[PDB]
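# Coordinate analysis (summary)
Next come the chains, spelled out residue by residue.
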Amino acid sequence: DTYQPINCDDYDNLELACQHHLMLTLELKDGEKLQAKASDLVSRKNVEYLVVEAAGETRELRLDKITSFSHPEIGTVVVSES
Amino acid sequence: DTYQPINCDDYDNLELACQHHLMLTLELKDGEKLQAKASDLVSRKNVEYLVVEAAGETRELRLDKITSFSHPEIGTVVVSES
Amino acid sequence: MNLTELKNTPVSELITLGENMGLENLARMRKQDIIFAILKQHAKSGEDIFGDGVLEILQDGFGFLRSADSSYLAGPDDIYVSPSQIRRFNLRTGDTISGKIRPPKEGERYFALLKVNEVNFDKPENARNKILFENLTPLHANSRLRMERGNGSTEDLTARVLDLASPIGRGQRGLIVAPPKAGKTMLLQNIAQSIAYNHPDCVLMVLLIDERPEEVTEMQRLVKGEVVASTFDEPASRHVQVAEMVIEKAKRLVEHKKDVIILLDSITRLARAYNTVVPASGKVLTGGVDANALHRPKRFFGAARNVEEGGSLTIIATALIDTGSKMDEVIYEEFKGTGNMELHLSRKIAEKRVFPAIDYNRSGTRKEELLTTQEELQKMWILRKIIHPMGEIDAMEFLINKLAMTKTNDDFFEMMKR
Amino acid sequence: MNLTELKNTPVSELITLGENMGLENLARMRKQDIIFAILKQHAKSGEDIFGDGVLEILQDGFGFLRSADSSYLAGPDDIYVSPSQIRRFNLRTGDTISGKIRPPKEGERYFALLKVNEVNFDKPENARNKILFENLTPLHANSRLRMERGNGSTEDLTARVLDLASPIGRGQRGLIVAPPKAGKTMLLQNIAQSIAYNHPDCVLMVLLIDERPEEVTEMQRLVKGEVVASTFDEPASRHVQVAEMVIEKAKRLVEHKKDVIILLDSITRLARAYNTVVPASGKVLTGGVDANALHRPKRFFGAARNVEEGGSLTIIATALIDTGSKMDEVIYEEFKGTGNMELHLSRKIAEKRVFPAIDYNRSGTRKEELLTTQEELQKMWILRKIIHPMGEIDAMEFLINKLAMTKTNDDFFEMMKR
């Protein structure tokens, strides 16, 4: 599974939320729904990763797997598959 | 035959009335009185056009097909022959 | 009857017009009040009145139509135009507007524009669809302005000498190096006379900065084209705004495939005014002149070009050297190598009373091949080869006495051979 | 559509295309505004827009993709890249980025990048792992760039003469000393066309500082490669910005193992602009030159090197002398002993009006054994020994006479042998 860069708007919104520390509402590609906080946007082995923690879980995921993200103060943005 | 542009004075009165965004009284050829507002004057093909949403018809009219317009806030205007 | 017609009309005929039309009071020396009253009475009769002017867009938003007769000076008779008409017809600074004019209402010191029927000698529909000036591609000057007249008098001697030393073409950026006393004004006057006589189609414009009113009047009288000037008593802002007027009018005229010629006496004074008006940027270079002060004079000078699409702009500017102020010298140094054609005037030749006092060995154009033909180029080559090794003042005596008995440059070229 | 082609279309076609899509009165403003308006209109339809540009990172941290058709001039059509994306891909100034754009949202003025799909003519991932430019070890030039086309035309003669005077290798550092009248522009155009013909793989950029608009247009027409220029009417910050954009683009291209060539006209005006913009350090040398100011043009000139790894950066910059200003003389004295290659033009040769006006006896190269082979080197030494006694005018006339019938350099050496 080769990784493709996400659109600039999605990454910019994610970085803004990360440095502003919002309780991000996340939905996975497989459909997993989770309320947690993104601590830092870190890229390892040329594929951009993201660490999201809820009660210290600090689980790692690829940015391609995230389809949409929402918060009360910002609109729900759906990433572009192409 | 030839199309003459309307004078600048009545045009600036009508655009001022549009800017003030007040209520508007419009008349037809038969003299029917309606309460509505002319939204904006659109310059297409070097010709001014006015769209009307009095009853939602959104009817388009040409700027040389209107005899005169009167408003309560300012004095009523008469289109000069030159 | 048009507003400018009553404006340039002197006292007797306007008084007769007032008394035959039925004016109650004719013992008023101030022409503005009588013009206002007579225009009010014309409005009351319902008879239409026309007018003309040149647009100025103020930073606040509305426009004022100034008049070229008053050297584009602000006044009560300038025609007010609201921003709505500027939004309707795409009009910027320098456009000339002629059309119906409405008398001022209660609350207007100035006459309000009523209806436009001509913009830049063109209908508004066609004037709204002309490409902007800086979108046009510049080019080298390819067609030359022949200033050699058939008069054969002593006036034509200077024109023939200028034609020989450095050809001038439409769209050429010119510079005239001159000492304070070299008879520069006579040179400019005969250049303007030749331009008006030989090429009537080209619009000739003469602009003077910081000059005494006497030469302004004599130039307005003797130059066939428009003459605009600013007296020395006026502040620098007047010079800045009048230069902006002339350059914007030239650009708007060029946009309509017109050849526009501007004589600028002098670039040094315009640069002085621009230096004095611009706020300081915090850093001043040697000579007490600001670094950003020269930027706008450079923009004015650089507008001269030969547009590929059509038309041309020929700016011929005069420069003053050894005026005793080092700021003038540095102004000339940053205006040194930006002109296509250069003409140097020598003080010594002026002292020897040899007219014209040009410098052959220090003058010439950047591209003589485009303007001239082949045999003309070879003849100029031969003349330069003859003149260059030896002196300049005696060379000028040689040139003037060789053009003495001859009339046509071709005959002189034939005589100079063998 | 693609933004680059839209920038390449002429103005009239842009107006027609915009009027087709419903835009109004777009024929009377800047070309950049026309492009922005039509792009916004197209993006309102929901289609994707493709665009490329060279990245300039401002002092705040966000960057702008600027186009090279406008010589990297700031405009509404420039693309905006937030600092988050400059952090994502390790983007430096001079990076050529191509991708998708999105229309500005509420409160935004510039177009914003949407997805990067090419960085520096390579993948976004691969371009991240390129070593920086100054980490590469410089080397003496050894790969010869031959200017001789070999077609036997009279335009080739200059190139041939130059190849006999001072050969150029990849990564050289040349200085063309230029008196005013001598045909420096003709030499630069001949060099650019010879580089485009003989060596098409090398990236060629021509940089003009304080040049007249007609010269800029004729250079953009003549040169097959890349031409970016700043007219004299623009401020000094414009010259500095265009120079730094050019040098960073060249450095980024060299980092990808590419030959880059920069023809500069001229280093003197770049130094003057840098002196104007850079604040004074308190130690002002003669002629108003600040010692701190010369530091950055020296960096620009010293960036030219032959990288030990793949790639090279050649910089051939002209310098003007005998201009009558102490600024240029001081700049020449500063830059005299810093170039690998030194080529002198002579005013008095062009006085006789023979071309090229190159001074053989005072023009040469440093470590020229690396570029050329042993036989050609010994032939060049023999010719130099023959030429040395004669004066420069006689040297050039004899050289051109002997270089006429010969078609190539080898035939010329053979003819001189017997």
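Residues numbered from 1 in each chain as written, not as in the entry; some residues may be left out. Chains lettered and ligands numbered in written order. Part of a larger assembly, values for the part shown. Heavy atoms only, no water.

Method-wise, the PDB entry is recorded as coming from cryo-EM, at a reported resolution of 3 Å.

### Section: the environment of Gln-35 of chain A
Residues and elements named next belong to chain A. Here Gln-35 lies in strand β2 (residues 33-35). The sequence separation of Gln-35 and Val-78 amounts to 43 residues, and the corresponding C-alpha distance is 17 Å. Setting aside its immediate chain neighbours within four residues, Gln-35 contacts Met-23, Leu-24, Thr-25 and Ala-54. For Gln-35, the side chain forms a polar contact with the main-chain oxygen of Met-23, separated by 2.5 Å. (Helix = DSSP H or I, 4+ residues; strand = E, 2+ residues; numbered from the N terminus. Contact = heavy atoms within 4.5 Å. Polar contact = N/O pair within 3.5 Å; in protein donor to acceptor, adjacent residues only side chain to side chain.)

### Remarks on the domain arrangement of chain C
Residues and elements named next belong to chain C. For chain C, the assigned domains are domain 1 (1-126) and domain 2 (129-417). With centres defined by C-alpha atoms, the gap from domain 1 to domain 2 works out at 35 Å. Taken together, the 18 residues of domain 1 in the interface contact 17 residues of domain 2. Summing the contributions of domain 1 and of domain 2, the shared interface buries around 1500 Å²; its carbon and sulfur component is 53%. The interface formed by domain 1 and domain 2 contains zero salt bridges. Between domain 1 and domain 2 we count seven residue pairs in polar contact in total. Counting only elements with at least two residues in the side of domain 1 that touches domain 2, the list comes to β1 (50-57) and α5 (124-127). With three residues, β1 is the largest single contributor of residues to the side of domain 1 that touches domain 2. A per-class count over the side of domain 1 that touches domain 2 returns five nonpolar, seven polar and six charged. (Domains from an automatic or database assignment. Buried area = accessible area lost by both parts, 1.4 Å probe. Salt bridge = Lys/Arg side-chain N within 4 Å of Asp/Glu carboxyl O. Nonpolar A, V, L, I, M, F, W, Y, C, P; charged D, E, K, R; others polar.)

### Notes on the interface of chain C and chain D
At the junction of the two partners, chain C supplies 36 residues and chain D supplies 31 residues. A buried area of about 2900 Å², summed over both sides, lies between chain C and chain D, and 46% of it is on carbon and sulfur atoms. Broken down residue by residue, the surface that chain C buries against chain D is led by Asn-135, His-140 and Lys-283 of chain C, which jointly contribute 18%. Applying the counting rule to chain C against chain D returns five salt bridges.

### Description of the UniProt feature "domain: Rho RNA-BD" in chain C
UniProt's feature table lists "domain: Rho RNA-BD" at residues 48-123 of chain C, given in the numbering used throughout. The span residues 48-123 of chain C is 8% helical and 39% strand by assignment, and the distance between its end C-alpha atoms comes to 19 Å. (UniProt positions renumbered as here; feature names shortened; annotations may be inferred.)

### Section: the packing of helix α2 (residues 11-21) of chain D against helix α3 (residues 31-44) of chain D
Residues and elements named next belong to chain D. Running from amino to carboxyl end, α2 crosses α3 at an angle of 30 degrees, the nearest separation of the two axes being 10 Å. In terms of orientation, α2 lies roughly parallel with respect to α3. Remark: the crossing between α2 and α3 carries left-handed chirality. Together, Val-11, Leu-14, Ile-15, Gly-18 and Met-21 of α2 and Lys-31, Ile-34, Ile-35, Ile-38, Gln-41 and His-42 of α3 make up the contact between the two elements. For the contact of α2 with α3, the residue count by class is seven nonpolar, three polar and one charged. (Axes fitted to C-alpha atoms, helices over the stretch in contact; angles between N-to-C directions. Parallel < 35°, antiparallel > 145°, perpendicular 65-115°, else oblique. Left-handed = near helix turned anticlockwise from the far one by under 90°.)

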